[PDB]
2 protein chains.
Amino acid sequence: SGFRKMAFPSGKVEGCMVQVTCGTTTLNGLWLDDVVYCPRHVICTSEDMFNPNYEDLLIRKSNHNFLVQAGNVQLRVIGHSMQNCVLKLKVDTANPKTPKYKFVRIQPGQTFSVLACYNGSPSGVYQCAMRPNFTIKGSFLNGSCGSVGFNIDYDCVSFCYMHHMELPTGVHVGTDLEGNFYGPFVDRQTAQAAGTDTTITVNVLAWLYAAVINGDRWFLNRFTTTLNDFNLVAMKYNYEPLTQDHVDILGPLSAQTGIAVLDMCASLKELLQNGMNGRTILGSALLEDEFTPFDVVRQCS
Amino acid sequence: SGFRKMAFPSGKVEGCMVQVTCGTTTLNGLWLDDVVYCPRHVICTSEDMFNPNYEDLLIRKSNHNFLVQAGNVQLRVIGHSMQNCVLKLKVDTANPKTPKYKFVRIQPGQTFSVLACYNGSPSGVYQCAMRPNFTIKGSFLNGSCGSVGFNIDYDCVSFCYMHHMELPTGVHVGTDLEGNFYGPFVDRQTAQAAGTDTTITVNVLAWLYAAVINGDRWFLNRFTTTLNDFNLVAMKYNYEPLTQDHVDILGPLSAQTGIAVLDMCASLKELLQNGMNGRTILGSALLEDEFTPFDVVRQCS
Ligand SMILES: Cn1cc(-c2cc(-c3cc(Cl)c(F)c(OCc4ccccc4Cl)c3)c(=O)n(-c3cccnc3)c2)c(=O)[nH]c1=O
Ligand SMILES: Cn1cc(-c2cc(-c3cc(Cl)c(F)c(OCc4ccccc4Cl)c3)c(=O)n(-c3cccnc3)c2)c(=O)[nH]c1=O
């Protein structure tokens, strides 16, 4: 028993992390097969970041200007191209540690593991969720650019995130592995706001199911509600509206615990309108929304 | 910026995890050099767990009764011995993935990463702290026995924990890699209580420094206190007493932020006596005590 914010084992990804140096800038890249992926702003100088012309900047670089180092092994760059906000460096050697992998674009509300890296060397691993506003609340310092987020299914690594920037607000934004940003953001040092964020309702409900499974049940009450009635309360407290697709996804946890989804919604409604009154749930004094229904079943299975 | 509960990259340990089967019982073992370490209760049956005679039980087993499988590779067992509550299986092959490593016994209040495993296959990684009462609040299901906790310093893996049991209360207890339990616990299914637990004061203070570093400063006030005065409040709220050794360990964070340790104690005192009044600190509505001063500097560096 017990419930923790749990990351995937990072070994398969550690073997793909390399250091990419261009000019004076150094950050992390991802070496899969004979391609190295990294943020395209590796080609920028300090004065370039305000409105860089990445086409013009990339034109001034040659293969030999991109220094790729895998641990202590230097890689020979035989080609370079730009795809959206990602730079793709063709090297003459396939990564012998290349796991089975796919590139995927996750949806808001879904979770993944982040392997924080610096100078191509792994530093730590943690789980986080793609916020509804396409930001993530991570832990990133200068030099962390190029770190990636991922999920693992048995032996297949699904890469979903590459880190690019921290906004003035302290939140973190990035791209999928085809270089398309999550959210409205652009890789320029100019004003850009993240949308209003909201709480991931289906994840909060899944987390309440995980609490019940692990012995925390003081929040279960004698009430029930309707999808429409609960959504009235959701809107008031800036929660994502609950849909039937959400109810369906919660079906397994509902069956495992014998608590109807709408009954659990009545508990959440009561918590939103009255607080926890100094109590805690799974060691937290607030409602957690960074566990997906799949995460709960994984951990609780 | 940002602050997260961050685990070490688990790759170096994933390559050491194996499956150990004895009779009908299967759990995880740690393969380092030509030795496999696992909990000695792998030799028990259901009826044995109430008062097993491990010497008598081990006498009925032979080398060929211990099935060690590293992924798909079967290992040939050439020797077996018992050290405290740990079983040591000598195999005829050295683990080619053996990292640099040491065995260490951590102190209460210190943290480490747990690689949760099942059937010798890594499942997830998370950070937790050795509670003052020598328990840990983890996430462990049946079959997780033999999972290990560790820290990593550059390239050296310090193993500090092997998982053995979940108590009726839901907390988790285990041994160091020499088979000595943390705490008063014994590997028998008999009544055994964990001592009164307390909050790790020095970790709470380090966490408040991490908050200030990352922009959360609403809890800083115009007061100060003394070591003796604060300890009066610590005792009231079941906090570990603060010592000068603790103040010394907080010296770096004090210097980095310019906040005297005793000034920060005055903030903690105010939080203990008045609560957070609905506010939050680093995304938490309670005082976090599972970050060590070293963890804060690591992440914030
Ligand atoms: C040379 N150099 C630079 C970086 C590096 C670059 C960036 C970075 C990259 C680009 Cl294109 C930007 F438009 C940018 O302005 C963000 C911004 C500022 C002000 C107003 C609005 C906005 Cl949007 C920032 C970064 O944000 N970080 C970072 C730091 C801390 C946590 N996370 C990310 C790091 C690096 O890692 N390695 C390396 O060598
Ligand atoms: C056959 N078998 C058994 C286990 C296995 C054994 C145990 C386990 C081992 C020993 Cl020696 C015990 F005295 C024991 O009684 C704990 C207890 C019960 C009642 C009152 C007081 C006490 Cl103290 C339990 C276990 O606790 N867990 C576990 C489960 C969930 C989370 N964490 C740990 C698992 C295994 O993993 N694999 C495998 O094959």
Side-chain angles (χ1 to χ4, degrees), chain A residues 1-15 17 97 113-118 121-128 136-142 144 152 154-155 166-172 210 214-216 275-276 278 280 282-288 290 295 298-300, chain B residues 1-15 17 97 113-118 121-128 136-142 144 152 154-155 166-172 210 214-216 275-276 278 280 282-288 290 295 298-300:
Chain A
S1 59
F3 203 74
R4 273 291 184 73
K5 190 162 293 178
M6 192 175 302
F8 291 102
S10 60
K12 290 166 176 290
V13 180
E14 301 172 34
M17 298 311 301
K97 298 175 186 172
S113 297
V114 172
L115 179 62
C117 294
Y118 300 91
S121 185
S123 175
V125 59
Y126 53 90
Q127 192 93 341
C128 51
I136 70 177
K137 307 185 193 297
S139 167
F140 289 113
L141 306 170
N142 186 31
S144 60
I152 310 187
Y154 178 44
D155 59 336
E166 181 175 302
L167 303 181
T169 55
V171 300
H172 308 115
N214 286 270
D216 282 9
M276 298 193 185
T280 58
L282 287 177
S284 175
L286 54 77
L287 303 174
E288 301 286 322
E290 300 226 328
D295 297 352
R298 177 180 71 113
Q299 187 158 170
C300 291
Chain B
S1 59
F3 203 74
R4 273 291 184 73
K5 190 162 293 178
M6 192 175 302
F8 291 102
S10 60
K12 290 166 176 290
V13 180
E14 301 172 34
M17 298 311 301
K97 298 175 186 172
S113 297
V114 172
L115 179 62
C117 294
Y118 300 91
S121 185
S123 175
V125 59
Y126 53 90
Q127 192 93 341
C128 51
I136 70 177
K137 307 185 193 297
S139 167
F140 289 113
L141 306 170
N142 186 31
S144 60
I152 310 187
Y154 178 44
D155 59 336
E166 181 175 302
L167 303 181
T169 55
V171 300
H172 308 115
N214 286 270
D216 282 9
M276 298 193 185
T280 58
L282 287 177
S284 175
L286 54 77
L287 303 174
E288 301 286 322
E290 300 226 328
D295 297 352
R298 177 180 71 113
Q299 187 158 170
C300 291

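Values below: all heavy atoms of this structure, side chains included; hydrogens, waters and symmetry mates excluded. Order of the sequence lines fixes the chain letters, A, B, ..., with proteins taken first and strands second; residue numbering starts at 1 for each chain.
Taking CE of A/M6 as the start and CD of B/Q127 as the end, the distance is 13.0 Å to the nearest 0.5 Å.
Partner of A/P9 under the side-chain contact (heavy atoms from CB on, under 4.5 Å) criterion, chosen from B/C117, B/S121, B/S123, B/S10: B/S10.
Here the shortest heavy-atom pairing between B/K5 and A/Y126 reads O-CB, 3.9 Å. Annotation for A/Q299 and B/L141: closest pair O-CD1, 3.1 Å, computed over non-hydrogen atoms.
At least one side-chain heavy atom of B/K137 sits under 4.5 Å from a side-chain heavy atom of A/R4.
When B/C128, B/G283, B/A116, B/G15 are compared by the number of non-hydrogen pairs under 4.5 Å with chain A, B/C128 comes out ahead. Of the listed residues (B/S139, B/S144, B/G11), the one with the most heavy-atom contacts under 4.5 Å to chain A is B/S139.
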